[PDB]
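In: kindly generate the corresponding structure for this input.
(2 chains)
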2 protein chains.
Amino acid sequence: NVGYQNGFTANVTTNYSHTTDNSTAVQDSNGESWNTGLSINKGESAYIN
Amino acid sequence: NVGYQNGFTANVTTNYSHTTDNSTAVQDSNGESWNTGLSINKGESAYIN
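Out: Residues are numbered from 1 along each chain as shown, chains lettered A, B, ... in the order given. Here you go, the structure:
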């Protein structure tokens, strides 16, 4: 950066850095389900008397 | 960093830090489903009179 404050000024900055990280997690689950169902046979589909 | 403000200036900064974190979450779910289907036998596939 440059600028004006009681005359001309300038600054040049550098930077470097190194971070590390580690973590856990635990996740449960639970559920239920239902179902129905049919079928049919077209041809030979009923019996009579 | 180095620079010029009323003469030569320089600065050297260090840094270190340590953060922790923990969190929860709760997720529900719901759904429905439909299905159809056929079948055939290519041979003995029709009866007659």
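In: tell me the residues of chain A that contact chain B?
Out: Applying Cβ under 8 Å from any Cβ of the partner chain, we find that chain A lies next to chain B at A:5-6, A:8-14, A:17, A:31, A:43-44. The C-beta positions use only the backbone N, C-alpha and C, and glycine is treated the same way.
In: rerun that using 6 Å as the cut-off
Out: Within chain A, the positions near chain B by Cβ under 6 Å from any Cβ of the partner chain are A:9, A:10, A:11, A:13.
In: need these in CSV with distance to residue B:39 and secondary structure, can you?
Out: Conversion of the residues of chain A next to chain B to CSV gives the following (distance: Cβ to Cβ, whole Å; DSSP: H, G, I helix; E, B strand; the rest coil):
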residue, distance to residue B:39, secondary structure
A:9, 86, strand
A:10, 84, strand
A:11, 81, strand
A:13, 76, coil
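In: any chance of a markdown table for the residues you listed, columns neighbour count?
Out: As requested, the residues of chain A next to chain B are exported to a markdown table (neighbours: other Cβ atoms under 10 Å in any protein chain shown):
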| residue | neighbour count |
| --- | --- |
| A:9 | 15 |
| A:10 | 11 |
| A:11 | 14 |
| A:13 | 10 |
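In: show me where chain A has its strands.
Out: Taking DSSP state E, the strands of chain A run over residues A:2-4, A:8-12.
In: now do the contacts for the closest residue to chain B within chain A.
Out: Closest contact between chain A and chain B, by Cβ to the nearest Cβ, is at residue A:11 (3.5 Å). By Cβ atoms under 6 Å, 6 or more residues apart in numbering or on different chains, the contact list for residue A:11 reads A:1, B:1, B:3.
In: look up how far residue B:43 lies from it.
Out: Noted for residue A:11: a distance of 90 Å to residue B:43, by Cβ to Cβ, to the nearest Å.
In: swap in residue A:16?
Out: Distance from residue A:16 to residue B:43, counting by Cβ to Cβ: 78 Å.
In: now residue A:21
Out: Distance from residue A:21 to residue B:43, counting by Cβ to Cβ: 66 Å.
In: thinking again about what came up before, of the contacts of residue A:11, buried ones?
Out: If you count burial by 16 or more other Cβ atoms under 10 Å in any protein chain shown, none of the contacts of residue A:11 comes out as buried.
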